[PDB]
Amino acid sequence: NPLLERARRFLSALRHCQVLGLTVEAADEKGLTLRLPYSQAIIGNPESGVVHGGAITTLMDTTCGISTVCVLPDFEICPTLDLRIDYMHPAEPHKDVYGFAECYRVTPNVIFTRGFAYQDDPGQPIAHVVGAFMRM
């Protein structure tokens, strides 16, 4: 609930994500979910359903990036140290893309996070992402 508002305030600070119309769907002590509307991130004909892979990447980087608020009691923006995204299969067209990330380790200066993109069930994610973030 407070995380919900902090997550939203992180997000609204991001211009490129404004264009993409990302919204926060949920924010627990369990992690963070964001939503990418397919219509804001089309490559080519909007008639066809096709979401730019680069939008999904932004979604994931941002989800990891913001999920840091589930473990930082205060609000800060943690610069990126490392990021890997690996796509398992292409997105379905005409379907919103969700991202989930979840901090799995926290040290004095670094936060490690892991998540995935999916559409229907989290069971067969579009892609996996792992990132480390500096707090300094």
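Note that residue numbering follows the sequence shown and begins at 1.
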property: Selected stretch [higher average CA B-factor]: 95-103 or 36-44; result: 36-44
property: Given 23-31 and 53-61, the range whose Cα B-factors average higher in the PDB entry; result: 23-31
property: Third of chain Cα B-factors occupied by residue 111; result: lowest
property: Chain-relative CA temperature factor third for residue 4; result: highest
property: Lowest, middle or highest third - CA B-factor, residue 134; result: middle
property: Residue 83 by Cα B-factor - lowest, middle or highest third of the modelled chain; result: lowest
property: Third of the chain, ranked by Cα B-factor, where residue 17 sits; result: highest
